[PDB]
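Q: Could you have a look at this structure, given as structure tokens, before my questions?
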Amino acid sequence: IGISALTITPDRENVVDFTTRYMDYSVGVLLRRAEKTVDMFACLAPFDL
Amino acid sequence: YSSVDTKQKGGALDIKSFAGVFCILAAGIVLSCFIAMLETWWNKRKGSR
């Protein structure tokens, strides 16, 4: 028996048999909470360098 | 699919978008040079300075 975070894929399914999926896969993002702190030099933004 | 080539992101003014303002100083330079030319010419005919 194999048991892990093993995603079902067609290629693996040519060499192993999979049971019914019990948990749905998804792609997502980890972020830090928004540090909306103004840029240290925001006062120079009005004109290009 | 291009609606417009945005290019800018910071919204800072750049030499192109500010270009019209320099034309006022250029015109002032040109006109003051021409006034200096006219005085330098008339200084050949005033007889006194």
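Labeling convention for the structure tokens: chains A, B, ... as they appear, residues from 1 per chain, ligands from 1 in order of appearance.
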Pick out the chain A residues within 10 Å of chain B. Count only C-alpha atoms. Give them as a PyMOL selection string.

A: chain A and resi 44-49

Q: Write out as a VMD selection string which residues come within 12 Å of range 25-40 of chain A when counting only C-alpha atoms, dropping same-chain ones fewer than 3 positions away.

A: chain A and resid 5 to 9 21 to 22 43 to 45

Q: Quick one, how far is CA of residue 2 in chain B from CA of residue 20 in chain B?

A: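 About the pair CA of residue 2 in chain B and CA of residue 20 in chain B: they are 27.4 Å apart.
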
Q: Calculate how many Å separate CA of residue 1 in chain A from CA of residue 13 in chain A, rounding to one decimal.

A: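 It comes out at 14.5 Å.
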
Q: Run DSSP on the backbone and give me the residues of chain A it puts in helix (DSSP H, G or I), as a list in words.

A: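 Listing helix (DSSP H, G or I) positions across chain A yields residues 12, 13, 14, 42, 43 and 44 of chain A.
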
Q: Once you have the residues from the selection above, write them out as a compact mmCIF listing (two decimals), in the first residue's frame, restricted to C-alpha atoms.

A:
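Written output follows (selection.txt):
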```txt
# COMPACT_ATOMS: atom_id res chain seq x y z
CA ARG A 12 1.24 7.17 -12.39
CA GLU A 13 -2.10 5.53 -13.23
CA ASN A 14 -0.27 3.53 -15.90
CA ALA A 42 7.79 58.03 -0.60
CA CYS A 43 8.36 61.81 -0.45
CA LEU A 44 10.61 61.48 -3.53
```
